[PDB]
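Per-entry structural report
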Protein chains: 2
Amino acid sequence: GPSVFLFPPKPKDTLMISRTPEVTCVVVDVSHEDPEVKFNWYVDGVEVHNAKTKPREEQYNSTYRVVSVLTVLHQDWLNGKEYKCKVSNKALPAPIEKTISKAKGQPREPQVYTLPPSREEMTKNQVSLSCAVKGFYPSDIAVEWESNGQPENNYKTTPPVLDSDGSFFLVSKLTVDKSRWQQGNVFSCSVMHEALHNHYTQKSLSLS
Amino acid sequence: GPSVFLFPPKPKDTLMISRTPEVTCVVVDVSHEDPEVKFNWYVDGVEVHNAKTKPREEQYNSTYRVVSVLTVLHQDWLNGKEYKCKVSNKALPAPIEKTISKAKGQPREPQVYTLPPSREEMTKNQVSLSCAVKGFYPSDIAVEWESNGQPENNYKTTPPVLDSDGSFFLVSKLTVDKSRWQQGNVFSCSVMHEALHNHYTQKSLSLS
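Residues numbered from 1 in each chain as written, not as in the entry; some residues may be left out. Chains lettered and ligands numbered in written order. Heavy atoms only, no water.

**Focus: the UniProt feature "disulfide bond" in chain A**
Residues and elements named next belong to chain A. Cut-off, in case you're wondering: In this description, a disulfide is simply a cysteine sulfur pair whose atoms lie within 2.5 Å. UniProt positions are given in the numbering used here, feature names are shortened, and annotations may be inferred rather than shown by experiment. The helix and strand labels rest on DSSP assignments: H or I over at least four residues marks a helix, E over at least two residues marks a strand, and numbering proceeds from the N terminus. Exposure categories follow from relative accessible area, calculated using a 1.4 Å probe and restricted to protein chains: below 20% of the type maximum is buried, above 50% is exposed, and the middle band is partly exposed.
Of the UniProt disulfides, the one joining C25 and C85 is satisfied here, as the sulfur distance of 2.1 Å falls under 2.5 Å. One end of the pair, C25, is in strand β2 (residues 22-30); the other, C85, is in strand β8 (residues 83-88), with 60 residues separating them in the sequence. We note that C25, like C85, is buried.

**Points about the pattern of salt bridges**
Our working rule: For salt bridges, the criterion is a side-chain nitrogen of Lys or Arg within 4 Å of an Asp or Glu carboxyl oxygen.
A full pass over the atoms with the stated rule returns 16 salt bridges over all chains. Between A:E97 and A:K84 there is a salt bridge, with the nearest N and O atoms lying 3.7 Å from each other. In this pair, A:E97 sits in strand β9 (residues 96-100) while A:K84 sits in strand β8, placing the two residues 13 residues apart along the sequence. On the accessibility criterion, A:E97 (46% relative accessible area) is partly exposed. Between B:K98 and A:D163 there is a salt bridge; the shortest N-O distance is 3.1 Å. Of this pair, B:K98 sits in strand β9 (residues 96-100) while A:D163 sits in the loop between β15 (161-162) and β16 (168-177), which puts the two residues in different chains. Residue classification places B:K98 among the buried residues on the basis of a relative accessible area of 13%.

**Focus: the sheet that holds β9(B)**
All names here are of chain B. For the record, the criterion: Strands qualify as paired when DSSP identifies two bridges or more between them. Only the contacting stretch of a helix is used when fitting its axis, a line to C-alpha atoms as for every element, and angles between N-to-C directions run 0 to 180 degrees.
Within the open sheet, the four strands sit side by side as β4-β3-β8-β9. Their pairing is antiparallel. Strands with a single pairing partner mark the edges of an open sheet, and in this sheet they are β4 (46-48) and β9. Within the sheet, the average angular offset between the axes of one strand and its neighbour, ignoring direction, is 30°. Across five bridges, the pairing between strand β8 (residues 83-88) and β9 is antiparallel. Residue pairing in the sheet places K86 in a bridge with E97 of β9.

**Considering the side chain of B:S31**
All names here are of chain B. Convention followed: The term polar contact refers here to a pair of N or O atoms within 3.5 Å; inside protein, the definition further demands a hydrogen-donor-capable atom paired with an acceptor-capable atom, and it admits residues adjacent in sequence only when both atoms are side-chain atoms. Only heavy atoms matter for contacts: two residues are in contact if any of them lie within 4.5 Å across the pair.
If you trace the backbone, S31 turns up in the loop between β2 (22-30) and β3 (38-43). A polar contact of 3.1 Å, which involves the side chain of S31, links it to the side chain of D34. Setting aside residues no more than four positions away along its own chain, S31 makes contact with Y64 and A91.

**Examining the interface of chain B and chain A**
Stated precisely, the cut-off is as follows: Once two parts are joined, some of their accessible surface, as seen by a 1.4 Å probe, is lost; buried area is that loss totalled over both. Here the term charged refers only to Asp, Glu, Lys and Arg, the term nonpolar to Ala, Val, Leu, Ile, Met, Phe, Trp, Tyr, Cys and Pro, and the term polar to all other amino acids, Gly among them.
The interface is formed by 30 residues belonging to chain B together with 30 residues belonging to chain A. Between chain B and chain A the total buried area reaches about 2500 Å² when both faces are included, carbon and sulfur atoms providing 60% of it. Connecting chain B to chain A are two salt bridges. Elements that contribute at least two residues to the side of chain B that touches chain A include exactly β1 (3-7), β2, β10 (111-115), β11 (126-136), β14 (155-157) and β16 (168-177) of chain B. Broken down by element, the residue count for the side of chain B that touches chain A peaks at five residues, all from β1(B). When the residues that make up the side of chain B that touches chain A are grouped by side-chain class, the tally is 16 nonpolar, seven polar and seven charged.

**Some thoughts on the state of the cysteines**
Under the criterion given, the structure shown has four disulfides over all chains. In this model, A:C25 is linked to A:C85 through a disulfide, with the two sulfur atoms separated by 2.1 Å. Because the torsion about its S-S bond is -85°, the bridge between A:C25 and A:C85 counts as left-handed. The disulfide bridge from B:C131 ends at B:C189, spanning 2.0 Å between sulfur atoms. Measuring handedness by torsion sign, the sulfur bridge of B:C131 and B:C189 sits at about -80° and is left-handed. Here B:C189 lies in strand β17 (residues 187-192) and B:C131 lies in strand β11, a separation of 58 residues in the sequence. Residues B:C131 and B:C189 agree in their burial class; the two are buried. Sequence-ordered numbering of the bonded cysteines in chain A yields a pairing of 1-2, 3-4.

Set out below in structure tokens:
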């Protein structure tokens, strides 16, 4: 039957005032027979009416998918307000309710460490640069890579893992051509987190 | 003082027998004064001696960083064996111990849904394709994007989020040039997870 996703804001959006964080409610597998979906949004148990529901999309299998987006104020997110998406449809026994809210607890500052290619790895058409981060709380964090003003997008960042002290750790690995590593190009790992000064730090790395 | 990372295997490595999963113990901020670091590895409380410790690396600030890697057998990982890295150094009050193990619980199968660009988003030099996954357990999962045999690396995958039924959900967003979306190129979201048939499923998407 009908299935619901409720996605939190992007970390980067909550951290920069110039950006617009938003919560996204996605309904899938709604039947052709009764295609009408009603969204009700709530912030801390109280209904709100400023969400923007998108037009339904018929799937190749006859089902519909529908997205509803609610903007979140920066102060509201930080104040730990609970955002709720309730989804109603005739083909449901009861409405489906999803909730998301900012994690509770004292923020803790990420420690960022970069690691260059190993010697044994330093012998191929491609090398990996690591950006290891630990000690952060909450687990909401944005990690990006760049070189010479141009974003580097060929990187994978592990999900934050809960550490033994209640903080989180991760690593982001950038894969570049061994040649570019040799030209002496500087590569920068930028990290954004609420507990950082200015919500921002950058660590850079190059050969030698 | 000395700080330790203990990283789990890559999901993809644990899922394919032809691959070699490994656990990585990374020690940072070890002092110039006493640079000697000893690793002891344990699998379920019993010491093992087949780890491969890399040569120490002097940092620009005089500290050292050292990595030790332990291969993990596929059967051992699935059997829930606890991997422990103990790290000893003269500048430590007590040795530091980190542990990782496969999450306990019944595996649950990911449901994968792709979402094309919105109409309002369908008006820029760049569009985003979404691959939404939910209902999976454990949270270890590999999600990749590809088009015409060539990997698509300009995508970001949200960390798995714990759902209300104890399973996890995420979304992976691929950003491509609006033009390529128009040429009618097919884009494929591949997902690997233990609960999938053959540890693999693929969902494809294109214009029209």
